[PDB]
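Q: One structure follows; several queries about it will come next.
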Amino acid sequence: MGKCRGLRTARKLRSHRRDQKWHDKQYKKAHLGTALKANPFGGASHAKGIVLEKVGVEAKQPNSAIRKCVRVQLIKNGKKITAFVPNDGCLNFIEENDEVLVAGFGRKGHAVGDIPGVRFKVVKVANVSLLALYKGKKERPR
Amino acid sequence: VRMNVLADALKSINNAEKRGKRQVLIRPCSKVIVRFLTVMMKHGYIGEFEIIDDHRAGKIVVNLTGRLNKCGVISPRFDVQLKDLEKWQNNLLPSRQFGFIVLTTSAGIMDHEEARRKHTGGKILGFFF
Amino acid sequence: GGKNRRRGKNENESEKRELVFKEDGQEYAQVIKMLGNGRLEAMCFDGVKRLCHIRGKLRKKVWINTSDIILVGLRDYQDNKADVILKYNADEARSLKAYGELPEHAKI
Amino acid sequence: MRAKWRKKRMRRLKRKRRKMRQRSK
Amino acid sequence: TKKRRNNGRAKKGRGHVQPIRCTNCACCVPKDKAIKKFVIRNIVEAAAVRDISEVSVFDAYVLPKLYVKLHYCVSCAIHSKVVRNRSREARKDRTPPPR
Amino acid sequence: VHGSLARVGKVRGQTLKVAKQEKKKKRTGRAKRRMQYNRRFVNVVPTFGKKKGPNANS
RNA sequence: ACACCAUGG
RNA sequence: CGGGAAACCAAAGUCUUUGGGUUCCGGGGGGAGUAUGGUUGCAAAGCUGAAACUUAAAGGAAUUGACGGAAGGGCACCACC
RNA sequence: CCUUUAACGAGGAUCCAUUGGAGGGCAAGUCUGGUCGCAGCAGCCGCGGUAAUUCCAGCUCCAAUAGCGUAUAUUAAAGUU
Ligand SMILES: [Mg+2]
Ligand SMILES: [Mg+2]
Ligand SMILES: [Mg+2]
Ligand SMILES: [Mg+2]
Ligand SMILES: [Mg+2]
Ligand SMILES: [Mg+2]
Ligand SMILES: [Mg+2]
Ligand SMILES: [Mg+2]
Ligand SMILES: [Mg+2]
Ligand SMILES: [Mg+2]
Ligand SMILES: [Mg+2]
Ligand SMILES: [Mg+2]
Ligand SMILES: [Mg+2]
Ligand SMILES: [Mg+2]
Ligand SMILES: [Mg+2]
Ligand SMILES: [Mg+2]
Ligand SMILES: [Mg+2]
Ligand SMILES: [Mg+2]
Ligand SMILES: [Mg+2]
Ligand SMILES: [Mg+2]
Ligand SMILES: [Mg+2]
Ligand SMILES: [Mg+2]
Ligand SMILES: [Mg+2]
Ligand SMILES: [Mg+2]
Ligand SMILES: [Mg+2]
Ligand SMILES: [Mg+2]
Ligand SMILES: [Mg+2]
Ligand SMILES: [Mg+2]
Ligand SMILES: [Mg+2]
């Protein structure tokens with residue numbers, strides 16, 4: 001309903017755009033610093049940790065299954081996260097007190113699918129990938 | 001208030017063309033309005049025009065053909081320097097075969113096609129097509 | 001309880017019933033008390049209470065009220081959790097009591 | 001009206017918590 | 001959404017109008033929102049006029065009227081069937097119903 | 001259901017094994033592209049109305 | 001010139 | 001006239017044929033006008049004002065049904081009198 | 001190392017091409033066995049409760065190809081700054 005068009009208003013336009021960028025969600029999330037602090041990864045793509053004990057997250061109402069997550073503690077921070085072990089019978093490959101490398105789930109901050117409270121997945125069990133053990137291309141070292 | 005006289009002269013010409021009127025009256029008159037109308041008439045978008053002279057700024061009566069499609073103003077008079085001109089006439093104009101951009105250069109009020117022919121930039125006023 | 005619900009599989013009741021016993025990693029239990037969200041508190045007929053979850057197959061098709069005999073399948077990794085697999089009626093509960101299946105601490 | 005009653009209950013809780021925090025401090 | 005151009009009230013170029021009490025409800029309704037009705041009825045009756053025009057000790061006695069100005073709730077007037085609903089296109093007819 | 005219905009690897013642990021029946025070596029590089037060109041631009045038998053998806057089992 | 005009228009595998 | 005998702009609007013029009021001047025202000029739904037710091041007030045409270053976390057929709061206008069302890073006109077001893 | 005060169009060095013069964021997928025978005029099967037709201041899949045909508053086009057496999061087919069998939073930062077899409 002009105003914006004200054006005049007020839008010496010570069011300061012007003014620039015300052016208003018700079019002031020209003022702070023209402024864009026992703027801009028503020030990326031430039032504030034609270035998300036980089038609250039992120040259980042230190043702003044990294046992957047992270048190694050130790051398995052505390054396996055758990056049985058039950059899926060949300062329109063589906064029914066028991067999703068079989070694990071509870072990991074991260075090396076560099078000491079934070080406790082919950083990670084997902086995706087495949088048919090891949091929870092047998094993960095004992096307790098063995099270090100696993102986990103990665104993100106694919107939405108950059110959010111729960112994917114019917115699983116509540118889970119945001120990461122497990123990609124390596126002990127220096128060997130969960131996709132070589134799932135096809136028999138490798139095996140656990142003991 | 002009437003900050004800009006040319007803006008409302010051109011908007012009152014353009015509001016009447018959409019309506020089929022044979023004539024308009026526009027007021028106040030100004031030096032830049034008469035030059036812009038002469039440029040718009042040399043090409044054939046409007047007919048003759050008459051200046052009514054009170055002892056004040058005056059009024060103009062324009063004979064409208066049916067050829068004018070749109071005329072308008074660029075609100076701050078930006079500086080245009082013979083290299084911005086192509087990027088200007090790719091936003092304002094509807095094609096490359098017709099329609100003119102009007103700018104004031106140190107050699108008078110003219111169109112872009114004459115500005116490049118005389119190697120001069122200046123300030124943009126408006127356009128008509 | 002009566003309703004306009006003539007729709008749905010109409011009538012799943014009969015005077016005949018056949019027993020089902022325990023298996024590998026599968027125990028009996030007694031409902032201790034009712035919770036929300038379809039959950040439940042139970043008590044395995046020997047040890048732990050082992051809070052249970054009513055599985056997707058039983059939801060609103062076979063109801064479970066407090067203080068009844070049930071057959072639950074234990075989880076290997078977790079211990080305190082289990083899933084309600086089957087319900088035992090009064091006659092079948094007493095039958096199990098006769099066959100000596102359940103340690104006779106809970107009665108019908 | 002859940003809106004103004006929500007408002008009043010939140011105002012009450014906030015008054016209580018502020019008065020407690022000030023008293024014990 | 002916006003059901004009436006005039007918001008269901010006669011106010012234009014004013015901030016405030018004085019409230020008034022709904023005549024059976026005792027409600028509190030703005031003077032130019034309330035539903036008004038001016039009744040002018042015979043004091044005696046329409047049927048029992050003969051029993052009185054005959055007993056009167058005056059030969060030509062005209063019976064007085066009884067003027068009352070009634071103000072109504074919106075709900076209270078809808079409930080006594082002083083007004084009713086109308087079609088979306090018929091709500092725009094503002095003429096008094098034919099006698 | 002028989003015992004710990006929430007067991008892991010249940011369905012993959014009771015699937016009948018089938019050996020792969022494979023033999024013939026598949027062509028590679030330019031030779032595959034040459035075959036795919038033939039199989040749809042010059043090896044053709046046309047009809048109106050009908051549907052002809054390359055894997056149609058119907 | 002207006003008694004009561006809650007809930008839903 | 002023209003505009004708009006439409007309800008509607010001579011302005012909510014002169015807008016992809018986009019530029020008359022200028023102030024305020026919004027950026028999916030919640031957490032929340034909350035916590036915290038500042039300021040004002042005798043008090044109640046006003047002004048300024050986040051985040052972690054959570055979620056696939058919340059919402060607007062209009063259409064066709066069904067329902068109404070809504071109104072009008074009719075009807076049936078599987079309704080009443 | 002390349003380049004130049006001798007002498008050996010191919011019948012396709014090995015001198016054996018992979019990585020992802022086949023409901024939609026989005027190129028490609030309502031083919032056959034197994035499981036039966038479980039195991040699992042699924043970026044999103046959604047698949048599985050005894051006749052599964054989506055799970056586990058076999059066969060067939062689609063895409064790019066000595067490369068292809070995944071997690072994260074960022075740009076265009078965003079006229080959602
Ligand atoms: Mg705000
Ligand atoms: Mg948010
Ligand atoms: Mg309404
Ligand atoms: Mg007011
Ligand atoms: Mg009722
Ligand atoms: Mg109740
Ligand atoms: Mg209730
Ligand atoms: Mg219901
Ligand atoms: Mg206006
Ligand atoms: Mg204007
Ligand atoms: Mg928001
Ligand atoms: Mg505010
Ligand atoms: Mg404060
Ligand atoms: Mg959903
Ligand atoms: Mg509505
Ligand atoms: Mg409707
Ligand atoms: Mg009626
Ligand atoms: Mg009759
Ligand atoms: Mg009777
Ligand atoms: Mg080198
Ligand atoms: Mg393959
Ligand atoms: Mg697959
Ligand atoms: Mg398959
Ligand atoms: Mg697809
Ligand atoms: Mg397709
Ligand atoms: Mg089958
Ligand atoms: Mg099948
Ligand atoms: Mg961007
Ligand atoms: Mg955004």
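Identifiers in the structure tokens: chain A, B, ... in order shown; residue index from 1 per chain; ligand index from 1 in order shown.
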Would you kindly return, as a list in words, each protein, DNA or RNA residue with an atom no farther than 12 Å from any atom of residue 20 of chain B, considering only C-alpha atoms (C1' of nucleotides) and excluding same-chain residues fewer than 4 positions away?
A: residues 13, 14, 15, 16, 24, 63, 64, 65, 66, 67, 68 and 69 of chain B; 1 of chain H
Q: With N, CA, C and O atoms (P, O5', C5', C4', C3', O3' and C1' of nucleotides) retained, export the selected residues as a PDB file, in the first residue's frame.
A:
ATOM      1  N   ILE B  13      -4.659  11.206 -19.825  1.00  0.00           N
ATOM      2  CA  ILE B  13      -4.710  10.796 -21.239  1.00  0.00           C
ATOM      3  C   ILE B  13      -5.027   9.321 -21.359  1.00  0.00           C
ATOM      4  O   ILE B  13      -5.856   8.926 -22.166  1.00  0.00           O
ATOM      5  N   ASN B  14      -4.399   8.480 -20.548  1.00  0.00           N
ATOM      6  CA  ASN B  14      -4.554   7.041 -20.714  1.00  0.00           C
ATOM      7  C   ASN B  14      -5.878   6.514 -20.176  1.00  0.00           C
ATOM      8  O   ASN B  14      -6.350   5.475 -20.648  1.00  0.00           O
ATOM      9  N   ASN B  15      -6.486   7.193 -19.203  1.00  0.00           N
ATOM     10  CA  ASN B  15      -7.781   6.758 -18.693  1.00  0.00           C
ATOM     11  C   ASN B  15      -8.910   7.001 -19.683  1.00  0.00           C
ATOM     12  O   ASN B  15      -9.967   6.377 -19.560  1.00  0.00           O
ATOM     13  N   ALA B  16      -8.748   7.949 -20.602  1.00  0.00           N
ATOM     14  CA  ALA B  16      -9.744   8.325 -21.595  1.00  0.00           C
ATOM     15  C   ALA B  16      -9.648   7.503 -22.866  1.00  0.00           C
ATOM     16  O   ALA B  16     -10.652   7.133 -23.451  1.00  0.00           O
ATOM     17  N   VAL B  24      -9.470  14.891 -24.851  1.00  0.00           N
ATOM     18  CA  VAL B  24      -9.280  15.127 -23.409  1.00  0.00           C
ATOM     19  C   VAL B  24      -8.822  16.532 -23.145  1.00  0.00           C
ATOM     20  O   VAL B  24      -8.130  17.106 -23.970  1.00  0.00           O
ATOM     21  N   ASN B  63      -6.542  15.893 -29.206  1.00  0.00           N
ATOM     22  CA  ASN B  63      -7.372  15.057 -30.065  1.00  0.00           C
ATOM     23  C   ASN B  63      -6.811  13.646 -30.115  1.00  0.00           C
ATOM     24  O   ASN B  63      -5.723  13.417 -30.640  1.00  0.00           O
ATOM     25  N   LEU B  64      -7.538  12.682 -29.574  1.00  0.00           N
ATOM     26  CA  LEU B  64      -7.055  11.319 -29.425  1.00  0.00           C
ATOM     27  C   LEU B  64      -7.428  10.506 -30.655  1.00  0.00           C
ATOM     28  O   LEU B  64      -8.601  10.419 -31.001  1.00  0.00           O
ATOM     29  N   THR B  65      -6.471   9.864 -31.323  1.00  0.00           N
ATOM     30  CA  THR B  65      -6.805   8.841 -32.303  1.00  0.00           C
ATOM     31  C   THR B  65      -7.169   7.577 -31.514  1.00  0.00           C
ATOM     32  O   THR B  65      -7.335   7.616 -30.294  1.00  0.00           O
ATOM     33  N   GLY B  66      -7.311   6.441 -32.184  1.00  0.00           N
ATOM     34  CA  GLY B  66      -7.520   5.202 -31.468  1.00  0.00           C
ATOM     35  C   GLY B  66      -6.285   4.327 -31.478  1.00  0.00           C
ATOM     36  O   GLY B  66      -6.352   3.138 -31.159  1.00  0.00           O
ATOM     37  N   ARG B  67      -5.146   4.914 -31.837  1.00  0.00           N
ATOM     38  CA  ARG B  67      -3.915   4.155 -32.002  1.00  0.00           C
ATOM     39  C   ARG B  67      -3.140   3.970 -30.707  1.00  0.00           C
ATOM     40  O   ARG B  67      -2.379   3.005 -30.585  1.00  0.00           O
ATOM     41  N   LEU B  68      -3.305   4.865 -29.739  1.00  0.00           N
ATOM     42  CA  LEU B  68      -2.542   4.761 -28.505  1.00  0.00           C
ATOM     43  C   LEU B  68      -2.997   3.557 -27.694  1.00  0.00           C
ATOM     44  O   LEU B  68      -4.193   3.339 -27.486  1.00  0.00           O
ATOM     45  N   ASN B  69      -2.029   2.774 -27.233  1.00  0.00           N
ATOM     46  CA  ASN B  69      -2.281   1.580 -26.439  1.00  0.00           C
ATOM     47  C   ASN B  69      -1.978   1.776 -24.966  1.00  0.00           C
ATOM     48  O   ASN B  69      -2.751   1.332 -24.119  1.00  0.00           O
TER      49      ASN B  69
ATOM     50  P     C H   1     -19.932  -2.239 -16.820  1.00  0.00           P
ATOM     51  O5'   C H   1     -18.512  -1.608 -17.153  1.00  0.00           O
ATOM     52  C5'   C H   1     -18.387  -0.534 -18.072  1.00  0.00           C
ATOM     53  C4'   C H   1     -17.069   0.179 -17.912  1.00  0.00           C
ATOM     54  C3'   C H   1     -15.862  -0.710 -17.661  1.00  0.00           C
ATOM     55  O3'   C H   1     -15.326  -1.249 -18.856  1.00  0.00           O
ATOM     56  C1'   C H   1     -15.849   1.109 -16.147  1.00  0.00           C
TER      57        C H   1
END
Q: Using only C-alpha atoms, I'd like every residue of chain A that has an atom within 9 Å of chain C; please write them out as an mmCIF file with C-alpha atoms, in the first residue's frame.
A:
data_model
loop_
_atom_site.group_PDB
_atom_site.id
_atom_site.type_symbol
_atom_site.label_atom_id
_atom_site.label_comp_id
_atom_site.auth_asym_id
_atom_site.auth_seq_id
_atom_site.Cartn_x
_atom_site.Cartn_y
_atom_site.Cartn_z
ATOM 1 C CA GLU A 53 20.760 -49.971 24.612
ATOM 2 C CA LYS A 54 18.286 -50.801 21.859
ATOM 3 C CA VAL A 55 14.694 -49.553 22.052
ATOM 4 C CA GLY A 56 11.298 -50.277 20.540
ATOM 5 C CA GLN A 61 -1.723 -44.424 14.886
ATOM 6 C CA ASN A 63 0.271 -47.495 10.979
ATOM 7 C CA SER A 64 1.240 -50.293 13.415
ATOM 8 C CA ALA A 65 4.788 -51.635 13.891
#
Q: Output the neighbourhood of ligand 26 as a PDB file with N, CA and C atoms (P, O5', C5', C4', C3', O3' and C1' of nucleotides), in the first residue's frame, that is, all protein and nucleic acid residues with some atom at most 9 Å from the ligand, counting only C-alpha atoms (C1' of nucleotides) and all ligand atoms.
A:
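Result written to result_13.pdb:
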ATOM      1  P     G I  33       1.779 -68.379  -7.355  1.00  0.00           P
ATOM      2  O5'   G I  33       3.095 -68.988  -6.693  1.00  0.00           O
ATOM      3  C5'   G I  33       3.063 -69.499  -5.371  1.00  0.00           C
ATOM      4  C4'   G I  33       4.418 -69.455  -4.714  1.00  0.00           C
ATOM      5  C3'   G I  33       4.433 -68.951  -3.282  1.00  0.00           C
ATOM      6  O3'   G I  33       4.066 -69.950  -2.350  1.00  0.00           O
ATOM      7  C1'   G I  33       6.172 -67.915  -4.509  1.00  0.00           C
ATOM      8  P     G I  34       3.037 -69.606  -1.171  1.00  0.00           P
ATOM      9  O5'   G I  34       3.936 -68.857  -0.093  1.00  0.00           O
ATOM     10  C5'   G I  34       5.082 -69.485   0.457  1.00  0.00           C
ATOM     11  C4'   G I  34       5.903 -68.517   1.268  1.00  0.00           C
ATOM     12  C3'   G I  34       5.137 -67.700   2.294  1.00  0.00           C
ATOM     13  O3'   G I  34       4.941 -68.408   3.503  1.00  0.00           O
ATOM     14  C1'   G I  34       6.584 -66.289   1.057  1.00  0.00           C
ATOM     15  P     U I  35       3.586 -68.229   4.342  1.00  0.00           P
ATOM     16  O5'   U I  35       3.765 -66.827   5.071  1.00  0.00           O
ATOM     17  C5'   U I  35       4.827 -66.612   5.989  1.00  0.00           C
ATOM     18  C4'   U I  35       4.923 -65.164   6.393  1.00  0.00           C
ATOM     19  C3'   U I  35       3.651 -64.543   6.948  1.00  0.00           C
ATOM     20  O3'   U I  35       3.491 -64.812   8.329  1.00  0.00           O
ATOM     21  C1'   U I  35       4.657 -63.080   5.365  1.00  0.00           C
ATOM     22  P     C I  36       2.035 -65.037   8.962  1.00  0.00           P
ATOM     23  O5'   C I  36       1.270 -63.674   8.678  1.00  0.00           O
ATOM     24  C5'   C I  36       1.644 -62.472   9.338  1.00  0.00           C
ATOM     25  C4'   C I  36       0.733 -61.333   8.962  1.00  0.00           C
ATOM     26  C3'   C I  36      -0.699 -61.462   9.464  1.00  0.00           C
ATOM     27  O3'   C I  36      -1.219 -60.166   9.756  1.00  0.00           O
ATOM     28  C1'   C I  36      -0.701 -61.372   7.107  1.00  0.00           C
ATOM     29  P     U I  50      -6.708 -60.535   6.618  1.00  0.00           P
ATOM     30  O5'   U I  50      -6.454 -61.631   5.496  1.00  0.00           O
ATOM     31  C5'   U I  50      -5.740 -61.302   4.312  1.00  0.00           C
ATOM     32  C4'   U I  50      -5.533 -62.512   3.435  1.00  0.00           C
ATOM     33  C3'   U I  50      -6.740 -63.435   3.299  1.00  0.00           C
ATOM     34  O3'   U I  50      -6.757 -63.988   1.988  1.00  0.00           O
ATOM     35  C1'   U I  50      -4.916 -64.648   4.169  1.00  0.00           C
ATOM     36  P     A I  51      -7.406 -63.176   0.765  1.00  0.00           P
ATOM     37  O5'   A I  51      -6.923 -64.000  -0.508  1.00  0.00           O
ATOM     38  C5'   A I  51      -5.548 -64.320  -0.689  1.00  0.00           C
ATOM     39  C4'   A I  51      -4.991 -63.676  -1.933  1.00  0.00           C
ATOM     40  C3'   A I  51      -5.111 -62.160  -1.972  1.00  0.00           C
ATOM     41  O3'   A I  51      -3.984 -61.596  -2.640  1.00  0.00           O
ATOM     42  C1'   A I  51      -6.436 -63.131  -3.711  1.00  0.00           C
ATOM     43  P     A I  52      -2.694 -61.174  -1.780  1.00  0.00           P
ATOM     44  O5'   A I  52      -2.246 -59.783  -2.406  1.00  0.00           O
ATOM     45  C5'   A I  52      -2.883 -58.567  -2.033  1.00  0.00           C
ATOM     46  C4'   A I  52      -2.015 -57.373  -2.345  1.00  0.00           C
ATOM     47  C3'   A I  52      -1.034 -57.570  -3.496  1.00  0.00           C
ATOM     48  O3'   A I  52      -0.870 -56.334  -4.190  1.00  0.00           O
ATOM     49  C1'   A I  52       0.158 -57.056  -1.525  1.00  0.00           C
TER      50        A I  52
END
Q: Could you pull out all residues of chain B with a DSSP call of helix (DSSP H, G or I) and give them as JSON, numbers by chain?
A: {"B": [5, 6, 7, 8, 9, 10, 11, 12, 13, 14, 15, 16, 17, 31, 32, 33, 34, 35, 36, 37, 38, 39, 40, 41, 42, 43, 85, 86, 87, 88, 112, 113, 114, 115, 116, 117, 118]}
Q: Store the residues picked out above in a file with N, CA, C and O atoms, as a compact mmCIF listing (two decimals), in the first residue's frame.
A:
# COMPACT_ATOMS: atom_id res chain seq x y z
N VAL B 5 3.56 16.52 -12.12
CA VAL B 5 2.60 17.04 -13.11
C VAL B 5 2.52 16.15 -14.34
O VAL B 5 1.44 15.82 -14.78
N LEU B 6 3.65 15.67 -14.86
CA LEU B 6 3.65 14.79 -16.03
C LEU B 6 2.94 13.46 -15.75
O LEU B 6 2.23 12.96 -16.61
N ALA B 7 3.09 12.90 -14.56
CA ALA B 7 2.49 11.63 -14.21
C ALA B 7 0.98 11.66 -14.40
O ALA B 7 0.42 10.81 -15.09
N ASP B 8 0.31 12.66 -13.84
CA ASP B 8 -1.15 12.77 -13.92
C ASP B 8 -1.65 13.28 -15.27
O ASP B 8 -2.71 12.87 -15.73
N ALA B 9 -0.86 14.06 -16.01
CA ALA B 9 -1.18 14.36 -17.39
C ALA B 9 -1.24 13.08 -18.20
O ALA B 9 -2.18 12.87 -18.94
N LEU B 10 -0.25 12.20 -18.09
CA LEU B 10 -0.25 10.95 -18.85
C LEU B 10 -1.30 9.97 -18.35
O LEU B 10 -1.91 9.30 -19.17
N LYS B 11 -1.58 9.89 -17.05
CA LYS B 11 -2.61 8.98 -16.57
C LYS B 11 -4.00 9.45 -16.98
O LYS B 11 -4.86 8.61 -17.26
N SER B 12 -4.26 10.74 -17.03
CA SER B 12 -5.55 11.23 -17.51
C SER B 12 -5.71 11.09 -19.02
O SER B 12 -6.80 10.74 -19.45
N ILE B 13 -4.66 11.21 -19.82
CA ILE B 13 -4.71 10.80 -21.24
C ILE B 13 -5.03 9.32 -21.36
O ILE B 13 -5.86 8.93 -22.17
N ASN B 14 -4.40 8.48 -20.55
CA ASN B 14 -4.55 7.04 -20.71
C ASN B 14 -5.88 6.51 -20.18
O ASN B 14 -6.35 5.48 -20.65
N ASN B 15 -6.49 7.19 -19.20
CA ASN B 15 -7.78 6.76 -18.69
C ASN B 15 -8.91 7.00 -19.68
O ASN B 15 -9.97 6.38 -19.56
N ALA B 16 -8.75 7.95 -20.60
CA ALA B 16 -9.74 8.32 -21.59
C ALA B 16 -9.65 7.50 -22.87
O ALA B 16 -10.65 7.13 -23.45
N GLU B 17 -8.45 7.12 -23.28
CA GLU B 17 -8.26 6.17 -24.36
C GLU B 17 -8.93 4.83 -24.13
O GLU B 17 -9.59 4.30 -25.03
N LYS B 31 6.06 22.92 -19.75
CA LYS B 31 7.07 22.74 -20.80
C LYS B 31 7.34 21.28 -21.15
O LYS B 31 7.32 20.92 -22.33
N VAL B 32 7.55 20.40 -20.16
CA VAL B 32 7.87 18.99 -20.45
C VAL B 32 6.68 18.23 -21.02
O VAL B 32 6.87 17.40 -21.90
N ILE B 33 5.44 18.56 -20.62
CA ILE B 33 4.23 17.95 -21.19
C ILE B 33 4.13 18.27 -22.68
O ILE B 33 3.99 17.36 -23.48
N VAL B 34 4.27 19.53 -23.07
CA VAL B 34 4.18 19.91 -24.48
C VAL B 34 5.25 19.20 -25.31
O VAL B 34 4.95 18.64 -26.34
N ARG B 35 6.49 19.08 -24.85
CA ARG B 35 7.54 18.37 -25.57
C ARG B 35 7.23 16.89 -25.69
O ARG B 35 7.42 16.29 -26.75
N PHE B 36 6.76 16.26 -24.62
CA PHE B 36 6.40 14.86 -24.66
C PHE B 36 5.23 14.63 -25.62
O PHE B 36 5.28 13.73 -26.44
N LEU B 37 4.22 15.49 -25.63
CA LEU B 37 3.12 15.40 -26.58
C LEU B 37 3.62 15.60 -28.00
O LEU B 37 3.22 14.87 -28.88
N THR B 38 4.54 16.52 -28.24
CA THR B 38 5.06 16.71 -29.59
C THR B 38 5.82 15.47 -30.06
O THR B 38 5.71 15.08 -31.23
N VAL B 39 6.57 14.84 -29.16
CA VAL B 39 7.27 13.60 -29.52
C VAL B 39 6.27 12.49 -29.81
O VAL B 39 6.44 11.70 -30.74
N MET B 40 5.19 12.42 -29.02
CA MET B 40 4.18 11.39 -29.21
C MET B 40 3.33 11.63 -30.45
O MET B 40 2.74 10.68 -30.98
N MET B 41 3.24 12.87 -30.91
CA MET B 41 2.45 13.23 -32.08
C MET B 41 3.25 13.16 -33.38
O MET B 41 2.68 12.86 -34.43
N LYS B 42 4.56 13.43 -33.32
CA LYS B 42 5.39 13.29 -34.51
C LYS B 42 5.31 11.89 -35.09
O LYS B 42 5.43 11.71 -36.31
N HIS B 43 5.12 10.88 -34.24
CA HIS B 43 5.06 9.50 -34.70
C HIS B 43 3.66 9.10 -35.15
O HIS B 43 3.53 8.24 -36.03
N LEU B 85 20.52 1.27 -21.63
CA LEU B 85 19.36 1.55 -22.47
C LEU B 85 18.74 0.27 -23.01
O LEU B 85 17.51 0.16 -23.10
N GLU B 86 19.57 -0.70 -23.38
CA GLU B 86 19.03 -1.96 -23.87
C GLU B 86 18.29 -2.71 -22.76
O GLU B 86 17.20 -3.24 -22.99
N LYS B 87 18.86 -2.75 -21.56
CA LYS B 87 18.18 -3.36 -20.43
C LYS B 87 16.95 -2.57 -20.00
O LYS B 87 16.09 -3.11 -19.30
N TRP B 88 16.83 -1.29 -20.33
CA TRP B 88 15.61 -0.53 -20.05
C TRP B 88 14.55 -0.81 -21.08
O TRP B 88 13.40 -1.07 -20.72
N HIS B 112 14.56 7.03 -27.65
CA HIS B 112 15.79 6.25 -27.59
C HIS B 112 16.40 6.07 -28.97
O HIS B 112 17.63 6.10 -29.12
N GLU B 113 15.56 5.89 -29.99
CA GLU B 113 16.07 5.64 -31.33
C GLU B 113 16.88 6.82 -31.85
O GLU B 113 17.81 6.64 -32.64
N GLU B 114 16.53 8.03 -31.42
CA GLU B 114 17.32 9.21 -31.74
C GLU B 114 18.48 9.41 -30.77
O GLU B 114 19.51 9.96 -31.16
N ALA B 115 18.33 8.97 -29.52
CA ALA B 115 19.42 9.06 -28.56
C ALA B 115 20.63 8.26 -29.02
O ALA B 115 21.76 8.75 -28.99
N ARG B 116 20.42 7.01 -29.45
CA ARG B 116 21.54 6.25 -29.99
C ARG B 116 22.06 6.84 -31.30
O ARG B 116 23.25 6.73 -31.58
N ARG B 117 21.18 7.43 -32.10
CA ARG B 117 21.60 8.07 -33.34
C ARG B 117 22.44 9.32 -33.09
O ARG B 117 23.19 9.73 -33.98
N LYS B 118 22.34 9.91 -31.90
CA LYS B 118 23.13 11.08 -31.56
C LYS B 118 24.11 10.82 -30.42
O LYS B 118 24.78 11.75 -29.96
Q: Using only C-alpha atoms (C1' of nucleotides) and all ligand atoms, find each residue with an atom at most 12 Å away from ligand 24 and format the answer as a PyMOL selection string.
A: chain I and resi 21-28+42+44+54+62-63
Q: Given a cut-off of 10 Å, what residues near ligand 4 show up using only C-alpha atoms (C1' of nucleotides) and all ligand atoms, put as a ChimeraX atom specification?
A: /E:14-17
Q: Keeping only N, CA and C atoms, write the selected residues to a file as a PDB file, in the first residue's frame.
A:
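The result, stored in part34.pdb:
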ATOM      1  N   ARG E  14     -21.271   8.370  12.964  1.00  0.00           N
ATOM      2  CA  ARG E  14     -21.420   8.468  14.416  1.00  0.00           C
ATOM      3  C   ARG E  14     -20.453   7.531  15.095  1.00  0.00           C
ATOM      4  N   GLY E  15     -20.005   7.859  16.289  1.00  0.00           N
ATOM      5  CA  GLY E  15     -19.317   6.896  17.130  1.00  0.00           C
ATOM      6  C   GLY E  15     -20.291   6.101  17.979  1.00  0.00           C
ATOM      7  N   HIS E  16     -21.192   6.769  18.692  1.00  0.00           N
ATOM      8  CA  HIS E  16     -22.025   6.160  19.720  1.00  0.00           C
ATOM      9  C   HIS E  16     -23.478   6.583  19.636  1.00  0.00           C
ATOM     10  N   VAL E  17     -24.396   5.678  19.963  1.00  0.00           N
ATOM     11  CA  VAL E  17     -25.817   5.962  20.174  1.00  0.00           C
ATOM     12  C   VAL E  17     -26.284   5.393  21.503  1.00  0.00           C
TER      13      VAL E  17
END
Q: What lies within 10 Å of residue 101 of chain A using only C-alpha atoms (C1' of nucleotides), ignoring chain neighbours under 5 positions off, as a list in words?
A: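 The contact residues come out as residues 46, 47, 48, 49, 50, 72, 74, 121, 122, 123, 124, 125, 126, 127, 128 and 129 of chain A.
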Q: Take the residues just selected and output them with C-alpha atoms as a tab-separated table (two decimals), in the first residue's frame.
A:
chain	number	residue	atom	x	y	z
A	46	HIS	CA	27.89	-37.53	10.50
A	47	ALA	CA	28.83	-38.46	14.05
A	48	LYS	CA	30.28	-41.43	15.92
A	49	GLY	CA	28.89	-42.65	19.22
A	50	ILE	CA	28.42	-45.57	21.61
A	72	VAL	CA	23.47	-43.53	21.17
A	74	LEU	CA	28.06	-39.01	21.01
A	121	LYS	CA	19.84	-43.29	11.23
A	122	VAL	CA	22.78	-45.65	11.78
A	123	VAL	CA	25.07	-46.17	8.79
A	124	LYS	CA	28.13	-47.96	10.21
A	125	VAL	CA	28.23	-50.53	13.01
A	126	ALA	CA	31.99	-51.03	13.57
A	127	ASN	CA	34.10	-49.64	10.70
A	128	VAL	CA	31.85	-51.72	8.40
A	129	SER	CA	28.66	-50.56	6.73
Q: Report as a Markdown table: every residue of chain H with an atom at most 12 Å from segment 7-25 of chain D, its closest pair of atoms, and their distance in Å to one decimal, counting only C-alpha atoms (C1' of nucleotides), with rows sorted by chain and ascending residue number.
A:
| residue | atom | partner | partner_atom | distance |
| --- | --- | --- | --- | --- |
| H:32 | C1' | D:10 | CA | 10.9 |
| H:33 | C1' | D:7 | CA | 10.2 |
| H:34 | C1' | D:10 | CA | 9.2 |
| H:35 | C1' | D:14 | CA | 10.7 |
| H:44 | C1' | D:15 | CA | 10.1 |
| H:45 | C1' | D:15 | CA | 10.1 |
